[PDB]
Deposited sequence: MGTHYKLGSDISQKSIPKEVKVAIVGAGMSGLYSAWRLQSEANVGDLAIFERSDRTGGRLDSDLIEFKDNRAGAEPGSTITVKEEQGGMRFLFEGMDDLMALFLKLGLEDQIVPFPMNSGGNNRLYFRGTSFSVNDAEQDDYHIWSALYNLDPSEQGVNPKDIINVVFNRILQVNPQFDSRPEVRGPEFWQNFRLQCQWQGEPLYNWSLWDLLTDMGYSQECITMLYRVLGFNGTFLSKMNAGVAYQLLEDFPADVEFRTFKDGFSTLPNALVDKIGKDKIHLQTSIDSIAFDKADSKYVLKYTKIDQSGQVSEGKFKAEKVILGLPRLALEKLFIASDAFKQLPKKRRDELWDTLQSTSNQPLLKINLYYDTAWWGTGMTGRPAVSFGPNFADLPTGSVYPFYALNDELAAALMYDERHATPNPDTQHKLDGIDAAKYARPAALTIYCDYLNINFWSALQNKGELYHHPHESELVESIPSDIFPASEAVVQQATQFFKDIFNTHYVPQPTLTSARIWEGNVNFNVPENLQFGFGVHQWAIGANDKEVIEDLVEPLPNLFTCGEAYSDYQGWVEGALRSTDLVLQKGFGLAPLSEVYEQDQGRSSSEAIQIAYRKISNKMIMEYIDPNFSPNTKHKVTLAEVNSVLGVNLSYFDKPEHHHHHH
């Protein structure tokens, strides 16, 4: 049942769509809204998986849960005040769990046919990098990642007009940085990073090292401008304490869905086009719906206000097919289209391979054990992240670890046993790559038969619906690369796999369960994103756009939430959530979230690690 008129119609059940409805329902008393989502699931580019593997250990119908991510995975307590506030208001802070990013130096590196570890790379004044890359002398004997840091310091040094001092560096800093800082008279958003480093005098060998060693070469090789690329590159300092949700980032959209109500969300309902009814001053939304049989249905309805929570490629399709846009004057319709072109589409992929046990610990490799964080490579792999079966004791050990406490031998010995025990429980690896590496996996994933371990139903009885298997060719090649990266002869066959390629499609011959938007977005060269962002709040009267694609904080949910807030302000009077939080609570969401988390971490550690802890 689809209503025939609504106060607010919400296109997109991703984060910005779900977030608009919750805030309008609860803070603006608007109850006659509806969300329309083309796919058969809510959450968009957030998509966690919970697999319940048959516990087939020796002394075991017992079940073991592994959380994995097909989309978004991590967040931070600083710089995401809207997201923190959103977590606190939904009471989801008790589920917050560490997301660690290193293995004390044992994370892997594979570059130019050579497998080694992070600790290895540091030896002898970072010698290995000088042996693999034909570096200029000024480029030798330093950690590659510190070259990005130094160049940032140099950009800040020659831009004293730009304040450069707020200890917490949020989206305003990064907007001003890319819009106000210059290099040699040209502001950074007119620069490509590749051009920038080159003009700074770096070798092409050095630039290739950097974009391979950071794992996400889009920052250098795509059309994104240099300013926004730095925002992304300085999002992962050495000392990052990322966090995540125990049951996966989907916890947050599902939690919003409980509060919205399944009855106002209309899945498998694509909004095909939008027209304006001059008579009763209403929008008219043509749609296409698939029921629970597969029986299609074209229909139409009205709405006083429209909210498009949609990324760039979705927004161009509607614009193309919508009379509300086509009947605009030549000048502004062309200007609006050109404005959609101002953020670059960034392809991303994640392929998850699950295993009954993990094979990258010292017991299986004979080498120092790999635990957590990106294993980078110049192979099509890009980066590889390990994921372990959910375990309360392990999360407390991780929680102890993000305190830089000095354990006594008793506690070091218990942390030892915990670090090792996880390799005996099921686990997973995510291959996570961007720009240059996409086409390698693309062609591989679409060729040949799909991968299924035999007696698969014996290994998992309930395979989630958002899981499309990796192709046999994808598993085959991914397995050779793992042997390379982890320097081991032994990489067994996965029990279960999923492949997800966030790269937007314009082909009508693709099932809906395989249509996915561009993984992330970043501002192109020449883009004045301050003008672009404000133009796209309400481009036609009572028609709004918002979401991550044209946001202040591209790449992150906070981008979507801050973009939506502009719509909720301009169209509905609502102040930014973080500001609403602070008036209501008397402290920031930052301080609240840190205090709440320290408490449950304090309790977790004492309960599991060191009964006599600080």
- Missing CA stretches, deposited numbering from 1, N-terminus first: 1-14, 75-76, 631-663
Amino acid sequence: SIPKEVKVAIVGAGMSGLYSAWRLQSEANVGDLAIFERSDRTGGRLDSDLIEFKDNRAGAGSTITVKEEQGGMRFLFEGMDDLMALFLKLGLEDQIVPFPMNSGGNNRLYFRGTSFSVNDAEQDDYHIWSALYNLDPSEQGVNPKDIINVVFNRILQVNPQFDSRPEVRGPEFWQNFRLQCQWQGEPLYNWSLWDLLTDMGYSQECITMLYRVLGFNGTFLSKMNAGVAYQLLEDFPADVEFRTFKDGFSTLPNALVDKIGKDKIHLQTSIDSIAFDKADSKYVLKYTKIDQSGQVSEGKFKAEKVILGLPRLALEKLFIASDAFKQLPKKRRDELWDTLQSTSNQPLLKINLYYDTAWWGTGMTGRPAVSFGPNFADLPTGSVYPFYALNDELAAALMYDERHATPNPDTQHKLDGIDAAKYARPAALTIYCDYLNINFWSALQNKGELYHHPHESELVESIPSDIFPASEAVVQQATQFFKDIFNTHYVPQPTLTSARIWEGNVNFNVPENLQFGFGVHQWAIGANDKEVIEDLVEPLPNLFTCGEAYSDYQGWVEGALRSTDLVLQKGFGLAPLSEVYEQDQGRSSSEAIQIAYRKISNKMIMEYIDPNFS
From here on, numbers count along this sequence of modelled residues.
- Message: Quick check on residue 334: across the other compared entries (only those modelling residues on both sides), is it unmodelled in a third or more?
- Response: no
- Query: Relative to the other PDB entries of this protein in the set, is residue 78 coordinate-less in at least a third?
  - Reply: no
- So which stretch wins on mean C-alpha B-factor, 204-212 or 460-468? 460-468
- Query: For the C-alpha atoms alone, is the average B factor greater in 112-120 or in 397-405, going by the entry?
  - Reply: 397-405
- Which of 312, 367, 286, 489 ranks first by CA B-factor in the deposited coordinates: 286
- Query: With respect to the C-alpha temperature factors reported in the PDB entry, which of 427, 101, 197, 328 ranks highest?
  - Reply: 328
- Assigned third (lowest, middle, highest) for the C-alpha B factor of residue 587: middle
- Item | Chain third (lowest, middle, highest) by recorded CA B-factor, residue given as residue 53 | highest
- Note on the structure: Quick tally, chain-level thirds of C-alpha B-factors: residue 437 sits in the lowest
- Note on the structure: residue 61: CA temperature factor from the record, placed by chain third, in the highest
- Message: Sorting by Cα B-factor within the chain, modelled residues only, which third would residue 152 end up in: lowest, middle or highest?
- Response: middle
